[PDB]
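Both blocks below hold the same protein chain, though in two forms, and each is given as structure tokens: structure 1 and structure 2.
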Structure 1
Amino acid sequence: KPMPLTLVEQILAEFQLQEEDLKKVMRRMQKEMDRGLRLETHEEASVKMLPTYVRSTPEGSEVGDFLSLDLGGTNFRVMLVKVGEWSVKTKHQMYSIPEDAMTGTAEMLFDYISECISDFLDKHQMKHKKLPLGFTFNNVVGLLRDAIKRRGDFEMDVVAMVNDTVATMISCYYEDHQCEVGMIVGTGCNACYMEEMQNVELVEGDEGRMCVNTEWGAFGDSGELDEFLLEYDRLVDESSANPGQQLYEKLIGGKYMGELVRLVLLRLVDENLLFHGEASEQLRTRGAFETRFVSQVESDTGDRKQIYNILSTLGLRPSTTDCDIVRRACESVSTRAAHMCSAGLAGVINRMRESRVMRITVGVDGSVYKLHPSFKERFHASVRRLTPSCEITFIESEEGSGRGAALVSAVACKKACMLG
């Protein structure tokens, strides 16, 4: 690797977070999580710590058979699941989303999904059963319900979905029974974890554990992050749909990562350190630097082809130095995101540790975590540094055979049943 530019590195150094900084964010997160959990403070808490009603014990035992509907991009799976004494047996069919039912209404698409569900039920002689249906991957539940009603020929309880963090935890638990945390680092960022029932003040009872959905993206409301915000973060915040809100998620999620990078590049441009002080019109356009471009730049093999390709698409004619500066800018933003995210997770893991040496599996999903080079590794290394006396295993949500997803639907249907 070459000797970096001093003046560029001084700007990029703004993004560094020291261990003392990360510990400070973590402690602050821990106090907000405490507020969220307590009856007295829950309403005013910015970090809601929502009880998910997913308990550490097998509940809703009368739910034996159910439908699982896995909705993807251009198709969907209809799966019949039987749960026994767990013995998760599945059968399924794949269906293709109609090619024209992407011009017409959301309502017409669900009539088609309904029809496929009916076909599956006919095939396995299950049309009469009043099966619950769990959805895997917001108001799709409402749309499916309406479309089944619209049909009348079979009866069904489309159950509430679980939050994506909870689905991540559950599906990962299927492959590793030590999984007690689910985390998403995608467009948004959130975590759920198995909390001691005594600490879940919003639910009566002291026995076992319940999954708590932190909704930690809202952290930062009270200025918990203000000392870590850079100019780019303030600009992103001011231009967002919700200024002053979701400050934490704004530092981490893919929704704004590309925008952060874009703003860094324009700073460098204006300091005459990049593109010889000349930005293109696409670069000057809000949202033009896509988050995927950050991972693409970071994927560059060393030849600068991927970077040149991205930057040329933005109407730039970058030198090799320009390409290298953009890379480092993408890395600084990504690394800062991984560090901020690690302080949140460390906060959860440390709290869990008090509440009992601790071995724990963390289930993780999301485009940023899965697809950004070195995000996950920097994230792991940082989390581990902040959690001494914890051994943390990280696993990804991987579709496999659809059994983790069957389990998600099982739990969601059982929870619904348990909740009347």
Structure 2
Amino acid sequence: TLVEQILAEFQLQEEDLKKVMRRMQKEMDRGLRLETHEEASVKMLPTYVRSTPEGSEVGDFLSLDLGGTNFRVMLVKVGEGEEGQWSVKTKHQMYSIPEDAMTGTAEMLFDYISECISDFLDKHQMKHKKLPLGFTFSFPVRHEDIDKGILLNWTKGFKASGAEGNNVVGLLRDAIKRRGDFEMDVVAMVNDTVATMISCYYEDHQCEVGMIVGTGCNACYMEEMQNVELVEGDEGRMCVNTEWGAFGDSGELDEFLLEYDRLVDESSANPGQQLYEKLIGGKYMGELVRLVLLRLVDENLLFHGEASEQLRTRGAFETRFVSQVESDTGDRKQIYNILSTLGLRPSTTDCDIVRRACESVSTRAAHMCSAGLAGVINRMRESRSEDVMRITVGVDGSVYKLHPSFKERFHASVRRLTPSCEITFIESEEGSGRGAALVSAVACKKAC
């Protein structure tokens, strides 16, 4: 009961979720308007990705993916399909980011990116090939066009100095000039949410929402042009990057924030920023569980009130451990092994408590995430005339894909909050790479 009283703090009633949903909708409306776009916690950044009236280039494309724990370079072949365009990743290489490069300047980081591109083109006999470049940049960008935009600020622990406020495409093109080895036609820069939505659209034309639940958490959707006041025109739709991770940054989530949320935030690389994301993302989930277990040990409710050296160190309870604990069949074998590796010798009840602590944090993440998506979907419903809105949501991220129960708790909670909406959820197959190449193929018809 004492353990259950502490875990009860993570509960969110239907009215709590509807309140989050309504406040998300409010912040989304505020971000789209000129008078409030600047002070808005939910930035609602125009991407310049429009509902295209046909015009795509076919062939091989080079796709870049910067945002995750590592960095990826891939080759994607695009062609004329039934729907419109098919796309397939043919070659790929993952590169790790060094400590001195992540701490170093923007020019140091982008030179390393340019060095990785050289390594890929050399080890694939294509340095002599002038390919259009597609760039998936999983960070908040204020766009001037499809191939132009400034980094607003780093998120998810990134720190490369002299990057914020500068044209990201400009940094990459300058780094390529600084090398002289190869030549790239940097054609498009898209967010990971956008890349995911675009790749899912060719499988289902009803896909007008992109959502990422991985290290970070964010969504994009197709907004009516007349509602995107930060761009000129009233015809068609434009994809808007909500940057919903920053919801709560103006105090919108204060009544829902817990001692563990406050501890994660103070110790993070961005204190006071990405608060909503800090309740959901894989960068923070395992850390939230760690802080809960530590509370239980101080209250003498877990491990006889004794925590290990590893359990008392930041980042030790990895997000994958949350997913592993919740995959346990009931024999406690998976929980025991995780805890033993963390230097603990848990009892049968300690294992059960750790499971409960994991479910409490991951259920809150799924429910909080659902209120956001329901907000986007109901906002889209309002700006349309039909009996039932049938919409497809394109999804990516390890938390949503790999966690044993997140997906289902999330789907059930979204459907509950979205009446007269028929939602289809599709997972992206190489969404970041294919999406960036698909946007690049259309953008090529105008620039290259």
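Please note that residue numbering is based on structure 1, beginning with 1 at the start of its sequence. The term rigid core refers to the maximal set of C-alpha atoms that superpose within 1.5 Å between the two forms.
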Review point. Considering only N309, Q198, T187, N75, which residue exhibits a C-alpha shift of no less than 2 Å between structures 1 and 2, with the rigid core used for superposition?
Key: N75
Review point. Any CA movement of 2 Å or more for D100 between structures 1 and 2, core superposed?
Key: yes
Check your understanding: Is the C-alpha displacement of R284 equal to or greater than 2 Å between structures 1 and 2 once the rigid core has been superposed?
Key -> no
Check your understanding: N163: CA shift of at least 2 Å between structures 1 and 2 after core fit?
Key -> no
Exercise for review: Look at the Cα of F379 between structures 1 and 2 with the rigid core superposed and state its shift in Å.
Suggested key: 0.5
Check your understanding: By how many angstrom is the CA atom of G244 displaced between structures 1 and 2 after fitting on the core?
Key -> 1.2
Review point. Core overlaid, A410 C-alpha shift between structures 1 and 2, how many Å?
Key: 2.5
